[PDB]
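Step one of this worksheet: look at the structure below.
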Amino acid sequence: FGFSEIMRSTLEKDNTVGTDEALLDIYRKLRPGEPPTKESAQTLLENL
Amino acid sequence: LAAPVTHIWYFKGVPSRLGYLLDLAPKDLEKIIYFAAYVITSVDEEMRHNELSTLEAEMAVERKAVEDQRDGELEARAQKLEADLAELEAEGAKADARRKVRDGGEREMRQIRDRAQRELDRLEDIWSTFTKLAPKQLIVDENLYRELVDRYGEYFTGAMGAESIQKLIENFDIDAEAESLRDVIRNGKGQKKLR
Amino acid sequence: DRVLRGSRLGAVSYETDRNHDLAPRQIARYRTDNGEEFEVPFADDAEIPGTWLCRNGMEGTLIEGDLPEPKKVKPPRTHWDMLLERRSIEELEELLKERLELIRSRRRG
Amino acid sequence: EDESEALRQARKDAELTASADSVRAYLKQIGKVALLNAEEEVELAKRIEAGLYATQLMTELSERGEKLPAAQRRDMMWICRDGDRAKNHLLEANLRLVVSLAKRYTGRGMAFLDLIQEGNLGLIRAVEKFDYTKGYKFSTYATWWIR
Amino acid sequence: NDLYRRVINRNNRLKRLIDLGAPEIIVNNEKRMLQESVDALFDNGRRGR
Amino acid sequence: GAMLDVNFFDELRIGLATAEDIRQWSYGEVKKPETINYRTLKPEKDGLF
C-alpha cells in the first residue's frame, strides 16, 4: 500500500508492533473471557 | 424458595432502581446478584482501629520472616555461585562460556528477587485492601477474598448474591440518605447534582 | 386453520344455589410448629385427623393434645451406614490411629 | 517479550472479565482445579473414612460420656474438618468428568445445566459409595452413578 | 407450566443440595440457576438468551 | 380494600407486594412439578393443578 495516504497514516497511528501482540489484541477484542494461548490465538482467525 | 431472589423489574429496566437505592453501578450489581463478585455487607470500626496497630505489627513480623527466607535465598545463591567459581575457575575454556554459567546463576537470582517482589506486592495489596475496607465494595479475585477471609475472619462480613443485597437493604437508613441527597442538591453543582 | 373443539377435564353441574338449609359442620383448629393457627370446617359425622396439611405447606398438629405421635424411622441412607456396610470397626480404628499419628508427629516429635 | 508476559497480562485481563453466559461461567469456574491420580484418590478416600469414623465415634461418645483431653479433642476435630476438606477436593476434581459425560445428552428434553447438576448429585452419591480396597480407577466406578 | 416447572425443579434440587451438604461451586451454580429461572418467569428475554 | 369485585369502586391502588402479603393471598404451597396423571387424567396431589 505505497500509494495510500490513509493506509500509511494508519500504519503510523497503529500503536502496535509485533504480529503476536496484534494477534493477542484481536483475540482479546474478539473472544471475551477466555484465557489466551499462543496456538489457539494463532489458529483462531485461520479456523474462522 | 430456599434462597432469596431479586425481582427482575427493579434491577434491569433502565434506570435500575436497586442501583439508585443502594448507589451501585449496574455492572457492579449484576456481578453481585448473578454470582461473580463478592460484596462487603458490613465492617467493624473500633476493633479494626486497635487491631490496625496489632495487625500491622504482625504484618511487619510476617514480612520480616519473608525477608529472612529471602536473605536465605540470597546467601544460598551466593554459596552456589562461589561453588560455581570453585568448579569453573580452573577449567580451560572460552572466556564467556566460563562466565555464561555465572550469568545464568545471576539471572536465576534476578528471577528469585522478582518472585520475592511479586509476593511482597501480593502481601502489600492484601494489607491495602484491608486498610481501605468499606461496605458496598466489590471484591473480584475469589482467591484474594479467600485470603482476606482466612486471615481476617473477624472485623467484617461478606457475602455474594441476593442474600447480600437483602442485607444491604436492611442496613440502610432512608432518612439519613435523603438528608445527604438534599444537602448535595442544595449545595453542589453539575454532574453530582444531576446524579 | 381448523375448528378445534377442546374441553378441560371436568364437568359443570347446575343445580340451585341455596344457602338456608345446609349440612351441619363443626370447626377444628390446627396449630403448626410455627406458632400459627388454622381453622378447617369438617363434617359432623367425620373423624378429626391429628395432623393436617395447612396453608403454609407444613404439617400442623391438633391443638388439643390426645395422640401418641409415633417414633418413625431415620432415613437410613447416610454415609456412615454406607461405610459400615463395606468395612470393619477394627479397620476403621487402625486407620483412625494411623491418621492420628500424622497430626501427633506433625505438631510434635 | 511475548514469553508469557503479555500472555500473562491478557490472562489476568481475561480473568477479570464478565462472561455473561452461565454455562461459560460454570466451565471457567470448574477449570481452575487440577486433576488427580490413583494414589491421591486413595489417600483422599482414607482421610474421608477416618474423618467419618472420627465424627461417628465422637458423637456416640459425647452422647453419654464427657471427657477433656485437650490435645486429643483438638486433633479429633482436626480429623473431622479435614475429612470434609478431602471430600470437597475430590468432588471439585471430578466435576470435569461430570460435564464430559453430560455433554452427550443435550437437545432432547432438558437443558444443559440441569443435566450437569443432576450429574453432580450422581457424583456425590458415587463418592459416598466408593471403595478403595478393590483398587480401581475412580472414573470407571463413578460413570455408572453419573449415567 | 414449563416456566413454573423449571422454578419448582430447581428449587427442590437446591433444597436437596443444601440439606445434603455440597461444596460452594455446586451450591452457587444452583442458586444462580434458580435466579435465572425466576427472572425468565417474570420477564423472558430481558437478561441474556 | 374489598376484593369481591362488586360494583362499588372509588379507587384502584397499586403497591409493592411483600412476602407476608403473598403467603396471605395464597391457599397452599405447590411443591411438586406435576400437572396431570398420564393415565387417568386427574390433577395430581400438591402439583401445579
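Cβ atoms come from the backbone with ideal geometry, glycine included; neighbour counts cover every protein chain shown. Taken together, the values in this text are just the output of simple stated rules run on the coordinates, not laboratory data.
Observations, loosely collected:
- Ordering E:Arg5, D:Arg81 from the fewest to the most neighbouring beta carbons within 10 Å gives D:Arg81, E:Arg5.
- DSSP loop GluC sites (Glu not before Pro) with at most 14 other Cβ within 10 Å: longest gap in chain D: D:67-147
- Here's the picture: charge each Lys and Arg Cβ at +1 and each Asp and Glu Cβ at -1 in chain F, and of F:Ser26, F:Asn37, F:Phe9 the one pushed furthest to the positive end of that dipole is F:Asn37.
- Taking other C-beta atoms within 10 Å as the exposure proxy, B:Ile174, B:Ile32, E:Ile25 rank B:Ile174, E:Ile25, B:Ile32 from fewest upward.
- Chymotrypsin sites (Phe, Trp or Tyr not before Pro) restricted to DSSP loop in segment B:122-174 with at most 14 other C-beta within 10 Å: B:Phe172
- Per-residue [θ]222 nm for chain F (sum of -39500 (n - 2.57) over DSSP H runs n ≥ 4, rounded to 500): -3500 deg cm²/dmol
- Chain D, relative contact order in percent, only Cα pairs under 8 angstrom and at least six apart counted: 24
- Degrees between helix E:24-42 axis and first principal axis of chain E (Cα, 0 to 90, nearest 10): 20
- Over the protein assembly as shown - Rg/Rh using Cα atoms and the Kirkwood inverse-distance radius: 1.03
- GNM result for chain D, Cα springs below 10 Å: residue of D:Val42, D:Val23, D:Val127 fluctuating most strongly: D:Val23
- Three-way shape call for segment F:3-43 based on the alpha-carbon gyration tensor, with the a/c threshold at 1.5: oblate
- Cα-based shape type of segment C:2-86, given that a ≥ b ≥ c are square roots of the gyration tensor eigenvalues and the cut on a/c is 1.5: oblate
- Summing charges over neighbours of A:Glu5, with a neighbour being any other residue whose Cβ is under 14 Å away from its Cβ, gives +1 when K and R count +1 and D and E count -1.
- Cα gyration tensor shape of chain E, rounded if a/c is under 1.5, else prolate or oblate by comparing a/b with b/c: oblate
- By the beta-carbon count within 10 Å of each Cβ, the least crowded to most crowded order of F:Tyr38, B:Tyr34, B:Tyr20, fewest first, is F:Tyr38, B:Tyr20, B:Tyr34.
- Nearby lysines by direct alpha-carbon distance to F:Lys31 (threshold 28 angstrom, same-chain neighbours under 8 apart not counted): B:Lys167, C:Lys71, C:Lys72, C:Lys74, E:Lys15, E:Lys31, F:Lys42, F:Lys45
- Under the convention that each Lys and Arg Cβ holds +1 and each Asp and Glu Cβ holds -1, the size of the dipole of chain B around its Cα centre is about 1260 debye.
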